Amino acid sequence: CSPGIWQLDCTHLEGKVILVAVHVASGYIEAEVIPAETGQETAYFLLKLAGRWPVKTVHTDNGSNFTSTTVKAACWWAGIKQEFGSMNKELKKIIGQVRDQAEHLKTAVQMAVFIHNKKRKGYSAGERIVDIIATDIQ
């Protein structure tokens, strides 16, 4: 519920890897299809994420995701810490719904992220995250 908390996991589809980041308090989502489930990709993703949102802490359902020196170096540089304390199903649901409209899985993934973030439920996840962060600054 704290505005700086994110959750990061990889899920699989069509023999590819989808990295999914969830802003816990809002439900807001960012995702990329990555070539390999490696620390290098995770580190690079964290750097991008941190330059865009105020990322303070990151949770995951697989702690071994964060063991690589590349990941530790990214968290160090960006000032992130990890912690031990379903979007994957919902995302895969939406992906299946728009899948036939794109050739590439990565395209379908971004269409799914779009739909999820804008969907009204009375505000959208996209609206919630900006309100939460903005309120937290002032």
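For every residue, the number given is its place in the sequence shown, counted from 1.
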Original post:
Does the deposited sequence hold unmodelled residues between residue 121 and residue 122, and if so, how many: none, 1 to 3, 4 to 9, or 10 or more?
Top reply: 4 to 9
Original post:
Between residues given as residue 85 and residue 86, how many of the deposited sequence are not built: none, 1 to 3, 4 to 9, or 10 or more?
Top reply: 10 or more
Subject >> Residue stretch of maximal mean CA temperature factor, 19-27 vs 126-134 >> reply: 126-134
**OP:** With reference to the PDB entry, specify whether the mean Cα temperature factor is higher for 39-47 or for 87-95.
**Re:** 87-95
**OP:** Relative to the other modelled residues of the same chain, rank the CA B-factor of residue 5 and answer lowest, middle or highest third.
**Re:** middle
Original post:
For residue 67, does the deposited CA B-factor place it in the lowest, middle or highest third of the chain?
Top reply: middle
